[PDB]
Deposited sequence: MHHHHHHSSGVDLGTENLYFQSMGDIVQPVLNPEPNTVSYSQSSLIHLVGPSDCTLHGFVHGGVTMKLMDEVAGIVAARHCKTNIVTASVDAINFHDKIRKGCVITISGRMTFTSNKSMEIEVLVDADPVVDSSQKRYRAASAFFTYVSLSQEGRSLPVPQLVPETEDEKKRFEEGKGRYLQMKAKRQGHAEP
């Protein structure tokens, strides 16, 4: 029962220069490194939206569309897509620039939950979509939400 918010309000991103400690013995980035970055972004989004303690409930469908080489800059951007009563869905996209041309590297839907200081699960501020796509993405989210419950 707190105050609603918009996707622009919490929209967040993050830009990382693939360094050598990010990489496999060949030239590529461990999926773990990518996944951790994606979690960090989603967590920031969630935090902005709830202004509270948050935890990951589930991540569903992490897709690696392409490899990431040493010396790319990766942009990880997250935005809220749907809220239920007690949970938030956040879409995280990863793109890559070499420094070959900018491409989509990974994606995922994180699901977060808001916790009190005692550790109980809280009602979550509702997401209010405004544009066409925000209503569409919200709808698709409600869809993915229902199936996961099933």
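Several segments of the deposited sequence have no coordinates for C-alpha: 1-31, 131-134, 186-193, numbered from the first residue.
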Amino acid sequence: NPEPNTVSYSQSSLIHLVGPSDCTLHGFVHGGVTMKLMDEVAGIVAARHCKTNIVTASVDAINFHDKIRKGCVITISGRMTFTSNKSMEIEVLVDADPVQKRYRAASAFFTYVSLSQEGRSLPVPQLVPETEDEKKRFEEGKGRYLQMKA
From here on, numbers count along this sequence of modelled residues.
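Stretches 42-50 and 117-125 differ in mean C-alpha B factor, with the higher average recorded for 117-125. For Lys36, the recorded CA temperature factor ranks within the lowest third of the chain's modelled residues. Per the deposited record, the Cα B-factor of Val18 falls in the lowest third when ranked against the other modelled residues of its chain. When the modelled residues of the chain are ordered by their C-alpha B factor, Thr24 lands in the middle third. Among all modelled residues in this chain, the alpha-carbon of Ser87 has a temperature factor (C-alpha) in the middle third. In the deposited entry, the Cα temperature factor of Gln11 sits in the middle third of values across the chain's modelled residues.
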